[PDB]
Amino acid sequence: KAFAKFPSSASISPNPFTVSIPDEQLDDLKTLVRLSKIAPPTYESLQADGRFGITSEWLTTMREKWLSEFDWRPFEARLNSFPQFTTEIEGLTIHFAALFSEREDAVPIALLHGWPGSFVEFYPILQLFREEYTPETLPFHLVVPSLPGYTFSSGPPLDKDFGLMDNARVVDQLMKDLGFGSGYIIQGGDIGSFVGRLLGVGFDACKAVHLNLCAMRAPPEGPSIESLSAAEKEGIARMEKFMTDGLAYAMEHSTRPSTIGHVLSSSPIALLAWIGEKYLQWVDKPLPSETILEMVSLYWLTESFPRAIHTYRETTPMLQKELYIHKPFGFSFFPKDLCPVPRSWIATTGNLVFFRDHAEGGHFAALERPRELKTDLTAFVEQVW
């Protein structure tokens, strides 16, 4: 119960949450893994560079590991190693993990995941904080919500559409419910950066926003592409290849969410292939194979996929004007994330007072470079709060 006490000004009741998947669901996962079939080998599945997606070799070995090496129980205990709670907001059950400080002056921060991630993405950073602070000295309140449609959060609604602004509104309400209406900071990557920008733009209690993703076109009023350094041009080139060769999954989520939702719900191996591809291609250094299995299993056991992808019709269907962040705005750049835009471009989308360049790390910043992201966020808060 260390770090678990709600701040003094929270208005909601603490409802402690524990992950406890019944053995039957685990047995059924294994059964469905076993019954699943692998594609016959094809020219494309035999390409070791994986330019056409996951290889037969990888899927074959991952499937065997899932049946024989994988154990949910230690990962689950790890999920349960931090304080978690649920609360209801607009009739939605909203799950969140948290490290709450006992200091009255602690800066409230919400850290926002995306797809195919989750609240667990931030666990390595929570771990560093717990190794390095006590509840008495912890300088921040660290709130890690599950966004509507993900894992232990319910939703989105069945009877109406739901988008990025609805996600933002829920996050702000959580922060308000926990006692943070006088101010909070947002850390956001992936879909959480879209949500974080909206909080910065339109929500008075959001005082500052740090992002590790700024997906954007060339700014209308410049600077132009030719003003970019050779290295920044390499980044734009990587982004353009992502935008042309790497976005088909997102356009399927966007245009046919119901179809792909059913497709990936039918077999755990379908889900692994689709989500596994991104955990392979979107990082700098390869993740442990068990981490991929853990994340995919988490999605499977919570039926996350068909619920989570609603925002794709908004993210993958103004940054200088309507969605310009007037508040203190920070950015951490990791080169192997998918949209490596230059600082000069990012600077046009908000009041950029803080920028950190990194030599390594890909899309899953919190998982891949937890120290660098924690350090960057800490410096940002110390600068602007």
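One-based numbering along the sequence shown.
Counting the deposited residues that fall between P40 and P41 and carry no coordinates gives zero. Averaged over their C-alpha atoms, the temperature factors of 145-153 and 72-80 are higher for 72-80.
Set 23-31 against 330-338 and average the Cα temperature factors; 23-31 ends up higher. The PDB entry assigns its highest CA temperature factor, among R217, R307, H210, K278, to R217. Within the listed group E294, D172, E303, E221, the record reports its top CA B-factor for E221. Looking at the C-alpha B-factors along this chain, the one for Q320 belongs to the highest third. Split the chain's modelled residues into thirds by C-alpha temperature factor. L377 is in the middle one.
Annotation for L367: C-alpha temperature factor in the lowest third relative to the rest of the modelled chain, per the entry. Among the modelled residues of the chain, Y299 sits in the lowest third by CA temperature factor in this PDB entry. In the PDB entry, a CA B factor belonging to the lowest third of its chain's modelled residues is recorded for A97.
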